[PDB]
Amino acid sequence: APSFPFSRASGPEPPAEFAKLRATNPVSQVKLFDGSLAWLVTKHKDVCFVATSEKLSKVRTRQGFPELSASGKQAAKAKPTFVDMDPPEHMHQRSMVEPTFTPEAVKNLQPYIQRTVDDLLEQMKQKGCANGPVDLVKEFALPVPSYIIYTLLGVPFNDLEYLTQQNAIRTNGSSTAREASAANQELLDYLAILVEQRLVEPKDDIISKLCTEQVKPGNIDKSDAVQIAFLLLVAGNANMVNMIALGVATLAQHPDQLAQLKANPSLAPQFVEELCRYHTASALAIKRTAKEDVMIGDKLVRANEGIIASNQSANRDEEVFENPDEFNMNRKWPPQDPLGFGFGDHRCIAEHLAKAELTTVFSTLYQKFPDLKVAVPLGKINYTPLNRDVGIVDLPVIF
């Protein structure tokens, strides 16, 4: 059994193993860092099955849960939030914060999302690039999602820049372990003060709704409100930054699709759909243990065995998406959902928000900067390390 996680074939590519597995051994065992085995599921139909089967559990205290690193094993000891819950606990807690993220709520947030993108783009223009390239990640891909989720949580405008930097430090490849852990606990300490403040005087933000609707009636405690707020911050922010940067690189890589998007910004939603299929920035979250025996394809997954369902692989499944390794914004979509945001009851709470942020970015960026260019050769883009989820660390641009 091969070691898992697998490394990407190159900067912008999935691991090479998945295509071969889909063709010749779609449900197979892999070896995790601790020597334990897990079942790896690679076909779209089977990933959806894993995502939805009530015979499977997300609870990390079940033996056989496929932790992929030493750090994950240690994080499993903590009081879980809804990301690691099964029904009925899962929706009992998730429903406390889903209102801000519904399709209708996100449609009403569109003018705010647009303003945030417009202001950061105008910022960038004022900075200018007269003295040379600027980093699109630091100047734009990082602050767009950061400012939005912090604002929705309740952070005031003057604190956004500092906290945006600190949250980046938590996941920056270059941070030492100490630096990332200090940033982590710093964010937590900050959120704990906001919860104290919003309990005494609520405002129009997610933390206030938690305080008023859940903490004060005793449904959860202050510490739970902090952890829920924290989960909303850290679960998706790095994914958003990576998807923005990857989208700019992808357009540069396929000039006539960029030309189409510039000529017709109304194409941004379909560009974003293709982007979230082709670049599956979160490929390791659909994990389970079997509560009881379950058959998947030609395999028996026994009780207390772990399962990893690769949505990245599913998004390249030739049986579902014709010419899956082709980036095509004009893709003819099948009835089966792309799985960039997962599937089933745990499907990304923020899927609609994330797509709206991305659509806003890709319908505005090249109207603002029609001559935006990556300022290094595309082959020299600094991607995340190959043993991680796909992403971009920094992206020099001119405009």
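Note that residue numbering begins at 1 and tracks the sequence as displayed.
Once the C-alpha B-factors are averaged per stretch, 245 to 253 and 192 to 200 rank with 192 to 200 first. Between 275 to 283 and 149 to 157, the higher mean Cα B-factor belongs to 149 to 157.
Residue-level inspection of the entry shows that, of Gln312, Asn328, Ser95, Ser266, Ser266 has the top Cα B-factor. Taking only the listed residues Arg302, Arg316, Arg115, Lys262, the entry reports the highest CA temperature factor at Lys262.
In this PDB entry, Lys107 carries a Cα temperature factor that places it within the middle third of its chain's modelled residues. Remark: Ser363 belongs to the lowest third of its chain, ranked by C-alpha B-factor as recorded. In the deposited entry, the Cα temperature factor of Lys31 places it in the middle third of its chain's modelled residues. When the CA B factors of the chain's modelled residues are split into thirds, the value for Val234 lands in the middle one. Looking at the C-alpha B-factors along this chain, the one for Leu142 belongs to the lowest third.
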